[PDB]
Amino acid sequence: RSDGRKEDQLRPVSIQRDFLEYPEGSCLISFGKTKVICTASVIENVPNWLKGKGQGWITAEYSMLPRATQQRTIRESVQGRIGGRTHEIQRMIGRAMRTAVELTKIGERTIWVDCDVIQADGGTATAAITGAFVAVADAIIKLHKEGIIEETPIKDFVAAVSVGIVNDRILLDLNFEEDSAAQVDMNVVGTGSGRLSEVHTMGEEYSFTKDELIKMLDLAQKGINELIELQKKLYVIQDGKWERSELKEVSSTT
């Protein structure tokens, strides 16, 4: 592969917590040149349709700063029309975070997750999900430490990674060139206990077999596991009680 990386090998991964001061939780995550700021802010309110249902909510906003993929990704501000792509990913990030949290125990508040891609080189959505978790966990731990909530109702770790078939090779965690040249690309969102939260496989004018899907899913689950091993070094958990470890940054040895 271009970067001299193996086929079943992730790019250098780095996760830095406490990136910013104001959010209850925040981090700067990077998969290679792909960099995303993930923040988690508590809003002392809930969406109208949940009012009074004794439950919290998590929702997410994703944005790709104009300078992405070394090209131009002009925001949704000084422009107009909005892409259902940004929306597709925001919904993805939202589903991943809610699956990992027992919202029953968050109280009637909302964790507003913001994922700001400050540099894109493929895998930006899976990088955002991986980072968003750390920011959400930190934010729940912060809320607990402040006494706003009784426990730290986090069910499990959540991470995500991309995989694809390029020139008939199954590659793990694709950068932008590999993805634009892929016959089949795929995003996988997994949990700490080895389960799955989401899987989206797409043939790019090429079809694939059930077996190729499984091969890809197998490689992705291994990628997810390595990412979760990194995330794990950031926490100290016991019987459902979460505390942050003393690490402020964790990175892959690659």
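Numbers follow the displayed sequence, beginning with 1.
- Per the entry, higher mean C-alpha B factor between 34-42 and 56-64: Mean B over CA atoms: larger for 56-64.
- Message: Averaging CA B factors per stretch from the PDB record, which one is higher: 44-52 or 224-232?
- Response: According to the PDB entry, the answer is 44-52.
- Task: Determine which member of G164, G122, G94, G80 has the highest CA B-factor, using the values in the deposited entry.
- Result: Answer for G164, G122, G94, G80: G80, with the highest C-alpha B-factor.
- Between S245, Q16, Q9, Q238, which one tops the list for C-alpha B-factor in the PDB entry? The C-alpha B-factor peaks, among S245, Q16, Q9, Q238, at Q9.
- Message: Which third, lowest, middle or highest, does the C-alpha temperature factor of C115 belong to within its own chain?
- Response: It falls in the bottom third of the chain.
- Query: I89's Cα B-factor: lowest, middle or highest third of the chain?
  - Reply: Bottom third by C-alpha B-factor.
- Item | Assigned third (lowest, middle, highest) for the C-alpha B factor of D173 | For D173, the deposited C-alpha B-factor lands in the middle third.
- Which third, lowest, middle or highest, does the CA B-factor of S180 fall in along this chain? For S180, whose C-alpha B-factor we compare with every modelled residue in the chain, the answer is the highest third.
- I149, C-alpha B-factor rank within chain (lowest, middle or highest third): Ranked within chain, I149 CA B lands in the highest tercile.
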